[PDB]
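Take a look at this single chain, the form deposited in one PDB entry, given in structure tokens.
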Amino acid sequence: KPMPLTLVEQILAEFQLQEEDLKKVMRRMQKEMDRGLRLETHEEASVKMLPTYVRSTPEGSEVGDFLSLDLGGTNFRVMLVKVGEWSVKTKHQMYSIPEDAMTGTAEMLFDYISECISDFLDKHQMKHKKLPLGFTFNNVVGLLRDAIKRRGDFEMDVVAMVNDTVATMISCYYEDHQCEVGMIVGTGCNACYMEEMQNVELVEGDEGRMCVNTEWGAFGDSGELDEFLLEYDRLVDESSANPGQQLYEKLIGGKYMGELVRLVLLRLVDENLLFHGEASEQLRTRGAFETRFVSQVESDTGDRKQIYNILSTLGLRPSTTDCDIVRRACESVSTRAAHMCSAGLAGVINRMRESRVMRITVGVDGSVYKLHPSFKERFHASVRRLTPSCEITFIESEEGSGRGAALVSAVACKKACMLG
């Protein structure tokens, strides 16, 4: 690797977070999580710590058979699941989303999904059963319900979905029974974890554990992050749909990562350190630097082809130095995101540790975590540094055979049943 530019590195150094900084964010997160959990403070808490009603014990035992509907991009799976004494047996069919039912209404698409569900039920002689249906991957539940009603020929309880963090935890638990945390680092960022029932003040009872959905993206409301915000973060915040809100998620999620990078590049441009002080019109356009471009730049093999390709698409004619500066800018933003995210997770893991040496599996999903080079590794290394006396295993949500997803639907249907 070459000797970096001093003046560029001084700007990029703004993004560094020291261990003392990360510990400070973590402690602050821990106090907000405490507020969220307590009856007295829950309403005013910015970090809601929502009880998910997913308990550490097998509940809703009368739910034996159910439908699982896995909705993807251009198709969907209809799966019949039987749960026994767990013995998760599945059968399924794949269906293709109609090619024209992407011009017409959301309502017409669900009539088609309904029809496929009916076909599956006919095939396995299950049309009469009043099966619950769990959805895997917001108001799709409402749309499916309406479309089944619209049909009348079979009866069904489309159950509430679980939050994506909870689905991540559950599906990962299927492959590793030590999984007690689910985390998403995608467009948004959130975590759920198995909390001691005594600490879940919003639910009566002291026995076992319940999954708590932190909704930690809202952290930062009270200025918990203000000392870590850079100019780019303030600009992103001011231009967002919700200024002053979701400050934490704004530092981490893919929704704004590309925008952060874009703003860094324009700073460098204006300091005459990049593109010889000349930005293109696409670069000057809000949202033009896509988050995927950050991972693409970071994927560059060393030849600068991927970077040149991205930057040329933005109407730039970058030198090799320009390409290298953009890379480092993408890395600084990504690394800062991984560090901020690690302080949140460390906060959860440390709290869990008090509440009992601790071995724990963390289930993780999301485009940023899965697809950004070195995000996950920097994230792991940082989390581990902040959690001494914890051994943390990280696993990804991987579709496999659809059994983790069957389990998600099982739990969601059982929870619904348990909740009347």
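A residue's number is simply how far along the shown sequence it sits, counting from 1. Superpose the two forms; the largest set of C-alphas matching within 1.5 Å is the rigid core.
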{"query": "Extent of unmodelled deposited sequence, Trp86 relative to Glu85", "finding": "4 to 9"}
{"query": "Length class of the unmodelled deposited segment, which would lie between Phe137 and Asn138", "finding": "10 or more"}
{"query": "339-347 or 107-115, whichever carries the higher mean Cα B-factor", "finding": "107-115"}
{"query": "Which of 122-130 and 198-206 has higher mean CA B factor, as the PDB entry lists it", "finding": "122-130"}
{"query": "Which of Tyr193, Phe76, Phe154, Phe275 ranks first by CA B-factor in the deposited coordinates", "finding": "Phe154"}
{"query": "From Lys149, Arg328, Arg267, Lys255, residue of greatest CA B-factor", "finding": "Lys149"}
{"query": "CA B-factor ranking of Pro98, expressed as a third of its chain", "finding": "highest"}
{"query": "Chain thirds of CA B-factor: placement of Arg317", "finding": "highest"}
{"query": "Chain thirds of CA B-factor: placement of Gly142", "finding": "highest"}
{"query": "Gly223 - Cα temperature factor, lowest/middle/highest third of chain", "finding": "middle"}
{"query": "Relative C-alpha B-factor of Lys250, binned into the chain's lowest, middle or highest third", "finding": "lowest"}
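Below: the form deposited in another entry, not depicted.
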item	value
Residue from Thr285, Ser312, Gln198, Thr103 whose Cα, after superposing the rigid core, lies 2 Å or more away between the shown form and the other one	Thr103
Core superposition between the shown form and the other one, C-alpha change of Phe120 at least 2 Å	yes
Core-superposed comparison between the shown form and the other one, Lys23 Cα displacement 2 Å or beyond	no
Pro58: Cα shift of 2 Å or greater between the shown form and the other one (core-aligned)	yes
Distance trend in the other entry - C-alpha atoms of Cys341 and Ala412, change of 3 Å or more	farther
Inter-Cα distance between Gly400 and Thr168 in the other entry, nearer or further [3 Å or more]	closer
